[PDB]
Structures are given as structure tokens and as C-alpha cells.
Amino acid sequence: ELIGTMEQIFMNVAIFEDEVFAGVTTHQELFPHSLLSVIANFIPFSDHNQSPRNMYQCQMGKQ
Amino acid sequence: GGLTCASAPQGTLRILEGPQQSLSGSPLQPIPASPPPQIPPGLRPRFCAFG
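Chains B and N, in that order, give the protein sequences.
Throughout the first sequence, residue numbering follows the deposited numbering, covering 632 to 694 in sequence.
Throughout the second sequence, residue numbering follows the deposited numbering, covering 103 to 153 in sequence.
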């Protein structure tokens, strides 16, 4: 389903399959790192380093 | 051909197509969990200490 910008303030999407419940959860993201850009995916182990390190790596790789 | 007026209608039946039944299944169909990474089979020490 192509959820748009205003639908997903009223939809209960879920990230993981375990977080899907009965009656509450109505959608699910495709793969759980979908919230990240193309360049910020290319960072290895993004969930372990701090956030300005990632925001600085995204402008290292473009230099 | 005079077309005189009549009284007030009591109720107004609204005909509309029915709700989409049997569209959603009674269990849900989630994307399956991506598997946790395995230690691959056939791992051995390939580096021998020199001399």
C-alpha cells in the first residue's frame, strides 16, 4: 500500500513482526531500516554509533 | 395538468452498495521476520603461527 504523508499520522504501522498485534496494528513497514536514506544505509552499523557521527559521515562520504 | 402539492414524506430510504465482506482475512499476514545471522558452517583456523 502506498501510504502518503497524511495517512500515517492515523495508521498504526509496525516495524517488526513481533510488534504486530491483533486489532491494533494495521500495517507493517517492508524492511525495518526503511526510515533511512540511501546514503545513511551505506553506513555500517548505524544503530551503534551516535547520531551526529552519522550526520557527519553522510557529509564525509559526499567529500 | 394542474400538478397540485402533496403532504410531507415520512422517511427516506437510502440505497447503497454493501460493505466489502470477505475481503480481509480473519488472521493477519505479516512480513516474516528477517532471520538472525548464523555462524556459517565450516569455519576453521586457516592461519598457522609461523615457524
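Each residue gets a CB set at the ideal place from its N, CA and C atoms; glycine is no exception.
Listed in chain order, the non-local C-beta contacts of residue 668 (chain B) below 8 Å within the same chain comprise 689, local neighbours out to five positions each way being set aside. Chain-order list of chain N residues neighbouring residue 661 (chain B): 133, by C-beta distance under 9 Å. Listed in chain order, the positions of the segment 110–121 of chain N with a beta carbon within less than 9 Å of a beta carbon of chain B would be empty, since no residue qualifies. Looking only at B:675, B:640 and B:654, the smallest Cα-Cα distance to residue 131 (chain N) is reached by B:654. Shortest Cα-Cα distance from residue 656 (chain B) to any of B:647, B:694, B:687 and B:682 involves B:647. Per DSSP, reduced to three states, the secondary structure at residue 644 (chain B) is coil, with no helix or strand assignment. Measuring C-alpha to C-alpha distances from residue 671 (chain B) to each of B:663, B:680, B:660 and B:685 identifies B:685 as the nearest.
Taken through DSSP and simplified to helix, strand or coil, residue 668 (chain B) comes out as coil. In this structure, residue 133 (chain N) sits near residue 661 (chain B), with a CB-CB distance shorter than 8 Å. The C-beta of residue 130 (chain N) comes closer than 8 Å to at least one C-beta of chain B. Under the 8 Å criterion on CB atoms, residue 678 (chain B) is classed as non-interfacial with respect to chain N.
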